[PDB]
Amino acid sequence: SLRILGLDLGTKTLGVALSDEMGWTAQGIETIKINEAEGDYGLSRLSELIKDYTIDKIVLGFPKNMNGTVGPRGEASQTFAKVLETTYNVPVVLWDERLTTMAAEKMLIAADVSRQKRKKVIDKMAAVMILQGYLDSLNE
Amino acid sequence: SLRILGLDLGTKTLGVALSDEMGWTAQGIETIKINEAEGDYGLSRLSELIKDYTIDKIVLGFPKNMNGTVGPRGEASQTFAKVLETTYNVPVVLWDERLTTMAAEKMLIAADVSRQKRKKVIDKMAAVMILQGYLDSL
């Protein structure tokens, strides 16, 4: 079926999430290890990851601007959105509505998660959160 | 400074959240043990908890309606909103937007939190997600 891909671009990791068949929940697929310094954006693995699915849209975590101004991570993300769009010929949506990193931290502390596990999980789950927030917005 | 109260009415608990001094983020205060079968909605305890603050709006969790129809919980909250509003002379918002319940569940499952603890934490945070839902709407 058609699925929406969710992505989180980092310096060292590309987070990958996929919508379920009903477009209700976001599933984690993988955290692609990548790196800008060599120009590694994780494109080859992404392509393999999605050849079995049919993706009609890509949602990409996009850092908030500083009141109209784009920062360097946002600049790399916008360039990556162009890359994505022109590589897969699907609409690419910049998105930031999700359970926030600070809400996650608070609730993780409330669950008694140790400081190092909190960091790992918050880093691991950014693409799932971005995609779930998008899907939750769409389902409204 | 004026604050916005967030509420989660249950059958035996009343979840209480309070906005920051700044109007941007919701904070958890307590989960009031009440007893709706006895007409104990925790009004007293509530009032005591908010006598130092000056509230100008209350955000109360409301169940979405199924094609304009709501269950026993919705009847209880809809009514509860009228009581709060006329009791405190502050506008009461009925919030029926979905919360980040499933996102929280997923993040807690990734952190290896057990089923019993996830349930407790998510129940604990209802008031805060409701209030947060609203603050972000403004």
How many residues of the range A:6-22 are closer than 21 Å to B:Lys106 by Cα and either loosely packed, with under 15 Cβ neighbours inside 10 Å or of a type in the set (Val, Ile, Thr) (or both)? The answer is 5
Here the residues within the range B:77-120 that are within 14 Å of another protein chain (Cβ to nearest Cβ), surrounded by 21 or more Cβ atoms within 10 Å (Cβ to Cβ) and aliphatic (A, V, I, L, M) are B:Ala103, B:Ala104, B:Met107, B:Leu108, B:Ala111, B:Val113
Within the range B:31-40, count every residue that is in a loop (DSSP other than H, G, I, E, B) and crowded, with 19+ Cβ neighbours inside 10 Å. 1
In the range A:60-117, anything within 27 Å of B:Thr101 (Cα to Cα), out of contact with any helix residue (DSSP H, G or I) (no Cβ under 9 Å at 6 or more places or on another chain) and not in a helix (DSSP H, G or I) is listed as A:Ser114
If you take the residues of the range A:41-76 that are exposed (fewer than 13 other Cβ atoms within 10 Å of the Cβ) and of a type in the set (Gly, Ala, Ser), which of them is nearest to A:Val16 (Cα to Cα)? A:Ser47
Enumeration of residues in the range B:21-44 that are in contact with a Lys or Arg (Cβ under 8 Å, 6 or more places away or on another chain) and either in contact (Cβ under 8 Å) with a residue 60 or more places away in the chain or within 14 Å of chain A (Cβ to nearest Cβ) (or both): B:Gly28, B:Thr31
Quick one: count up the residues across the range B:1-30 that are part of a strand (DSSP E or B) and among the small types (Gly, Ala, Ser). 6
Of the numbered conditions (1) closer than 20 Å to B:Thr101 by Cβ; (2) among the hydrophobic types (A, V, I, L, M, F, W, C); (3) over 14 Å from the mean Cα position of the chain (by Cα), A:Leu131 fails exactly one; give the number of that condition. (3)
Within the range B:121-138, restricting to residues that are within 13 Å of B:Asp8 (Cα to Cα) and β-branched (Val, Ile, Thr), the one that is farthest from the other protein chains (Cβ to nearest Cβ) is B:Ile130
Checking the structure you have, find out if any residue of the range A:66-77 is under 21 Å from A:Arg3 (Cβ atoms) and either under 17 Å from the mean Cα position of the chain (by Cα) or touching a residue at least 24 places away in the same chain (Cβ under 8 Å) (or both). no
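All Cβ positions, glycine included, derive from the backbone under ideal geometry; neighbour counts span all protein chains shown. Here, each number is a calculation from the coordinates, and none is a lab measurement.
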